[PDB]
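Overview (structure and organization)
Letter by letter, the chains look like this.
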Amino acid sequence: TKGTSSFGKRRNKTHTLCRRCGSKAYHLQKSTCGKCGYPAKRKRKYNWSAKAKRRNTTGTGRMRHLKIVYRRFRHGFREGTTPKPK
Amino acid sequence: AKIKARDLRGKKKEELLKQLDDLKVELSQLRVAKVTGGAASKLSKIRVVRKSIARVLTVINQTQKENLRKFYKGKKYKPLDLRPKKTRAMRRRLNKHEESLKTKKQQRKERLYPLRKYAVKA
Amino acid sequence: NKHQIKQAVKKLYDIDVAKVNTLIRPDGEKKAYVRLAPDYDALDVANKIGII
Amino acid sequence: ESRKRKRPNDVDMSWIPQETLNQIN
Amino acid sequence: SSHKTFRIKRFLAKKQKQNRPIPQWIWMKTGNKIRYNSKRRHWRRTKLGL
Amino acid sequence: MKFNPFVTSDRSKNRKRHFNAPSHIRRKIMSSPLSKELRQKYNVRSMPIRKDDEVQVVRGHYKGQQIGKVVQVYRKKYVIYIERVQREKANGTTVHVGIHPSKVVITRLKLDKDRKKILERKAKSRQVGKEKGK
RNA sequence: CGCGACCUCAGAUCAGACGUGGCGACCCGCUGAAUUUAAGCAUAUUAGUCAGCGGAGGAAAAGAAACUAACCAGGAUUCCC
RNA sequence: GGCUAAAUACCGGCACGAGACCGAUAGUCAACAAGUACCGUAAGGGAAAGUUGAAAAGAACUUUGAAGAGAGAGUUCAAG
RNA sequence: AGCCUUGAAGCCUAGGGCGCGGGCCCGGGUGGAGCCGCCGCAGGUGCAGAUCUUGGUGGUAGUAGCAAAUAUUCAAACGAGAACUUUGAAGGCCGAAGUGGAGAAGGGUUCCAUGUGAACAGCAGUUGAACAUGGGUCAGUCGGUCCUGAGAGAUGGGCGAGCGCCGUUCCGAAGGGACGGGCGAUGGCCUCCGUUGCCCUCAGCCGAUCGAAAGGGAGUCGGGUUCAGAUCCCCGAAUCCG
RNA sequence: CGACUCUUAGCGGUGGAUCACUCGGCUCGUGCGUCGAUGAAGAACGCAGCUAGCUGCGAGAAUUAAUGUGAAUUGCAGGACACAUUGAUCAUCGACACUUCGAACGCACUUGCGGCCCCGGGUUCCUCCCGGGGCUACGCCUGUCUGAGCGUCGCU
Ligand SMILES: [Mg+2]
Ligand SMILES: [Mg+2]
Ligand SMILES: [Mg+2]
Ligand SMILES: [Mg+2]
Ligand SMILES: [Mg+2]
Ligand SMILES: [Mg+2]
Ligand SMILES: [Mg+2]
Ligand SMILES: [Mg+2]
Ligand SMILES: [Mg+2]
Ligand SMILES: [Mg+2]
Ligand SMILES: [Mg+2]
Ligand SMILES: [Mg+2]
Ligand SMILES: [Mg+2]
Ligand SMILES: [Mg+2]
Ligand SMILES: [Mg+2]
Ligand SMILES: [Mg+2]
Ligand SMILES: [Mg+2]
Ligand SMILES: [Mg+2]
Ligand SMILES: [Mg+2]
Ligand SMILES: [Mg+2]
Ligand SMILES: [Mg+2]
Ligand SMILES: [Mg+2]
Ligand SMILES: [Mg+2]
Ligand SMILES: [Mg+2]
Ligand SMILES: [Mg+2]
Ligand SMILES: [Mg+2]
Ligand SMILES: [Mg+2]
Ligand SMILES: [Mg+2]
Ligand SMILES: [Mg+2]
Ligand SMILES: [Mg+2]
Ligand SMILES: [Mg+2]
Ligand SMILES: [Mg+2]
Ligand SMILES: [Mg+2]
Ligand SMILES: [Mg+2]
Ligand SMILES: [Mg+2]
Ligand SMILES: [Mg+2]
Ligand SMILES: [Mg+2]
Ligand SMILES: [Mg+2]
Ligand SMILES: [Mg+2]
Ligand SMILES: [Mg+2]
Ligand SMILES: [Mg+2]
Ligand SMILES: [Mg+2]
Ligand SMILES: [Zn+2]
């Protein structure tokens, strides 16, 4: 009865959504993420999975602030000035 | 009667707050119109009124920051948001004065033994 | 919250509110069932707002 | 007239937020 | 279930709104290629997993 | 021959920068030669086509001496619509046919402050070049 | 008993600062296999390599001899032949 | 005990140039709403999928049928 | 000074031929924009196989089959269309450990109204949990929320190359509190009472925090109401806590 | 005869090979070589008149301001007393802004509980209630203040 019959007894969730990486790998009883390692301060990451590192590296997301830096670097991070008014 | 930022530059704060409130009242009416069957003209006005709201808030925020910078110009300590952003690493650099500093031992060496200009005959 | 909704309704439309009931809809929006004081006619107030 | 028109230093203390004013006084 | 967390009831609401057909004026757009919403979901055929 | 190290003659790159050009670049791409009379009068060869210009079609099914007004510059499709350069659909409704600006000739120019400024600049740079050789 | 110095050590949402996390192609410090070759296999090899941990910068590290030599002597470090 | 540029390294990043390379089962997994859809409790695994036409001119109208579908007609150099 | 919109590549051909052969040439058709000869150079360069890879198609074959749980029949309506939908009437079954009425976990809109009958529902469908367009979940009193349970888990400390780990009162100056009293500073229904700062005095809890929608845990019941919600809305009558 | 079967050819299907195309790859080279508590990378949820995905953005939400440009954007509609010094659109980008989580910071991670200060509305000073704003994390350096010690002392 280890097959079809035993598949009907599973109605208790092991993982839920992680508040750091948003992946359903937050083990509830261990209070840890199998994906990002939350609540550890440092992000979980290994070199034996290159594919996994390119799934969530820098660039794969929004780059909300890093992509304005790339624009600001091309002008020397000038601040407190404006183009000559009309 | 469109709202242009240039027209708003010199006005008082409370005068712009009043102007802001009129637009916000207008937008709410349009949002009621959006669900009661307002004409296409009223629907198109929503985006016009929304950006007019942004323009006023922009001029209020800009004018307020301009005066805060004038307020804190001579002050030694300024709010973190009035200090230069640059990058985090650039904020931690030795400033202009600190990089120019030299030990008196190095100043005397440069005075006595300055690199010279010379040529060698072919 | 209910206190905020009640105070906003009164200021926006200058009416009095008896109580507020609230639910969050399955699509994520929050619906507020605002009941007005007996000296107010929601049918009349709706015409002022433009609902009817 | 319409056809004519359509063809062409210091701190302002009132813009300072109240909280800053309270702190200094 | 009836017993729900706010976070789950909000995730489910977003999955509800994405489950609609494309507007028909999207077809006439100049460089359009989309023929239909290829990301449709059915509560019975495929499960949200959370 | 091209010598600038920072200009690409790569075919894939050039085409991409044509079909992804932003609107204010498509304007320059969408330029038309001026009629012989206009070229002599202003010393200019080409202008970016504009609404309310009057043009002659010189290539394609609609070529001919008829002069029509430019009624729409559909920069997204890289075509302009002209008066009377049109056909009928199945149901009989008339529809404009898109002509590329490089296949027409500008016979009259819609002139305003900016258009006169643009014409002057082109005539001035030409004169500097003509005297540079001389 | 009290008062006062110093020393050692505490508490502050005290004034003003600074570290944390990421990326990690290249760089520095550790730790570190076994497939494999040896026609077997244990030293050996694989290899100070993969994996694992830490720390950076536009480069890093190194660097002005407790050096090489044994010549009629050379003269910091790094890289190429 | 200590500092020190240069010549050196760079399959990540920003911005470029090129090629005796491949040409949609190739070339990156990904020429396209691709690290997407989908699978797994999870760590992870992970595709398929390019081409009307010069121009939508994308077939009005008549007729049989409940309709899908047809027969005529029409657009186009061509709907062979 | 090659061929090509007066038609390239490709593809088809009971057309004419060439070569021992690998192959090639010409005719005809389709196609619609590129291509080939010669001298050299270069190679991801030649398929019948690998239970080869990926994609497609056969015969088997209109075949196996659409047989677990007793069962349907008559009349009418809508409709192009009815064994299967709806209504009425018969004949049956589940037979209160139910094929009844409600929940937990899980699902996540499947719920409700209207429309469609393309695809799906292994016959059909006028029907559906399918598709389409719009709606629907209302609380002091019902749960969470709080408590602690087995347990998990910081700090001090120890260990550790290090990410860190051990450990939960054990190597800790672990209390930011209180009736009262005393000094000032302020206030207000300035009268006299508050508030505040400091001082005096007093002080075990001895373990941060997390841990149950079945354990502990104050307090809501009756009637009506919707297409879909109600101990939540309305009517009536109460109650707990602050 | 005629079915059925086999072969060949025409035509029609099924299928998507081949050829031609290429806004994609790959490889080499060059210049630069820049994240974050002033809150990064990443994630969540929102934002369009009609908008599901992609894209862009953050309650000022397919963007504000400024500068350059100079008449569009466009699938449909619309035109704000929108559009030519009353500047469409695009581009640039220095001004302003930038929801929730996240090193993630009041404590916890259910949108649960607080504490301090200030402001406003309830009534009516204080209280009380509601709302708004600002603070409240660990380590660490310099300095400040408040302390402790049968630590070493000095005068009482
Ligand atoms: Mg478990
Ligand atoms: Mg000295
Ligand atoms: Mg299922
Ligand atoms: Mg401080
Ligand atoms: Mg061996
Ligand atoms: Mg062997
Ligand atoms: Mg062996
Ligand atoms: Mg070794
Ligand atoms: Mg390694
Ligand atoms: Mg590391
Ligand atoms: Mg670091
Ligand atoms: Mg750096
Ligand atoms: Mg040397
Ligand atoms: Mg050194
Ligand atoms: Mg393909
Ligand atoms: Mg491929
Ligand atoms: Mg293929
Ligand atoms: Mg091929
Ligand atoms: Mg493929
Ligand atoms: Mg093909
Ligand atoms: Mg074509
Ligand atoms: Mg043809
Ligand atoms: Mg044959
Ligand atoms: Mg073609
Ligand atoms: Mg090759
Ligand atoms: Mg084969
Ligand atoms: Mg049979
Ligand atoms: Mg059966
Ligand atoms: Mg039941
Ligand atoms: Mg039921
Ligand atoms: Mg069927
Ligand atoms: Mg139903
Ligand atoms: Mg522990
Ligand atoms: Mg608890
Ligand atoms: Mg409980
Ligand atoms: Mg209970
Ligand atoms: Mg009640
Ligand atoms: Mg045949
Ligand atoms: Mg939307
Ligand atoms: Mg602007
Ligand atoms: Mg402009
Ligand atoms: Mg709980
Ligand atoms: Zn995580």
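Residues numbered from 1 in each chain as written, not as in the entry; some residues may be left out. Chains lettered and ligands numbered in written order. Part of a larger assembly, values for the part shown. Heavy atoms only, no water.

The next point concerns the interface of chain D and chain B. Tallying the contact residues gives 10 residues for chain D and 12 residues for chain B. Connecting chain D to chain B are zero salt bridges. On the surface where chain D and chain B come into contact, there are zero residue pairs in polar contact. Considered class by class, the residues forming the side of chain D that touches chain B number six nonpolar, two polar and two charged. (Contact = heavy atoms within 4.5 Å. Salt bridge = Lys/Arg side-chain N within 4 Å of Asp/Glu carboxyl O. Polar contact = N/O pair within 3.5 Å; in protein donor to acceptor, adjacent residues only side chain to side chain. Nonpolar A, V, L, I, M, F, W, Y, C, P; charged D, E, K, R; others polar.)

In this assembly, seven pairs of chains are in contact, and the pair contributing the most contacts is chains B and D. The least C-alpha distance between chain A and chain F, which are not in contact, is 16 Å. At their nearest point, the C-alpha atoms of chain C and chain F are still 37 Å apart, with no contact between the two.

Turning our attention to the protein's contact with RNA strand J. Lining the immediate surroundings of RNA strand J are 111 residues, of which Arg 19 of chain A, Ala 1 and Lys 2 of chain B together with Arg 50 and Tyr 74 of chain F lie closest. Each atom of RNA strand J within 4 Å of the protein was classed as base or backbone; sugar and phosphate made up 64%. One of the side-chain N or O atoms of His 75 of chain A is found 2.8 Å from a phosphate oxygen in RNA strand J. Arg 27 of chain F has a polar side-chain atom sitting 3.2 Å from a phosphate oxygen of RNA strand J. Broken down by element, the residue count for the surface near RNA strand J peaks at 18 residues, all from helix α2 (residues 40-71) of chain B. Residue classes in the surface near RNA strand J are distributed as 33 nonpolar, 29 polar and 49 charged. (Near = heavy atom within 4 Å. Helix = DSSP H or I, 4+ residues; strand = E, 2+ residues; numbered from the N terminus.)

With that settled, consider the pairing of strand β3 (residues 54-57) of chain F. All names here are of chain F. Here β3 shows two buried faces, one formed by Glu 54 and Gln 56 and the other by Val 55 and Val 57. Alignment of β3 against strand β4 (residues 67-74), held across three bridges, turns out to be antiparallel. Following the sheet pairing, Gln 56 is matched in β4 by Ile 67. Two strands pair when backbone bridges link them, and β3 and strand β8 (residues 104-108) are joined in this way by four bridges, in the antiparallel orientation. Across the sheet, the residue bridging to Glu 54 is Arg 108, located in β8. (Buried < 20%, exposed > 50% of the residue type's maximum accessible area, 1.4 Å probe, protein only. Pairing = 2+ DSSP bridges.)

So, on to the protein's contact with RNA strand H. Surveying the vicinity of RNA strand H reveals 37 residues, the closest of which are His 15, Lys 51 and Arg 55 of chain A, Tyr 36 of chain E together with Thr 8 of chain F. The protein-proximal atoms of RNA strand H, defined as those within 4 Å of the protein, are 74% sugar or phosphate. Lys 35 of chain A has a polar side-chain atom sitting 2.8 Å from a phosphate oxygen of RNA strand H. Between RNA strand H and the protein, one listed contact pairs a base oxygen with a side-chain N or O atom of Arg 54 of chain A at 2.7 Å. Elements with a minimum of two residues in the surface near RNA strand H: α1 (50-55) of chain A together with α1 (11-19) and β6 (86-88) of chain F.

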